[PDB]
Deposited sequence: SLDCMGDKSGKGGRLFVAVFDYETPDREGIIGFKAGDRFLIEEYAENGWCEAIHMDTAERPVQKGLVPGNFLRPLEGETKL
């Protein structure tokens, strides 16, 4: 699916933590709640809040 980047920190949240500028591959994006994402920047897959992210 598509490439996203975090525009807000969600360190201290499976659900996964991240920092603004982290990148995600997301197959089913959802602007509300949480979606499945591969996180980069090893490589971890989990749930991330969609509204913390923007398309790249």
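| message | Lining up the deposited sequence with the coordinates, I want the ranges that have no C-alpha atoms. | response | Coordinates drop out over 1-12, 26-28, 57-60, 76-81.
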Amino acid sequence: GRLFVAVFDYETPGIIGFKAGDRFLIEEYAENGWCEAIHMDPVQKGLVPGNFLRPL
From here on, numbers count along this sequence of modelled residues.
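| task | Rank-wise, by C-alpha B-factor, drop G14 into the lowest, middle or highest third of its chain. | result | It falls in the middle third of the chain.
| task | Tell me, lowest, middle or highest third: where does the Cα B factor of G33 rank within its chain? | result | Within its chain, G33 is a highest-third residue by C-alpha B-factor, going by the deposited values.
| Looking at the C-alpha B-factor of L25, is it in the lowest, middle or highest third of its chain? | As the PDB entry reports it, the C-alpha B-factor of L25 lands in the middle third of its chain.
| message | Ranking every modelled residue in this chain by its Cα temperature factor as given in the entry, which third contains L3? | response | It belongs to the middle third of the chain when residues are ordered by C-alpha B-factor.
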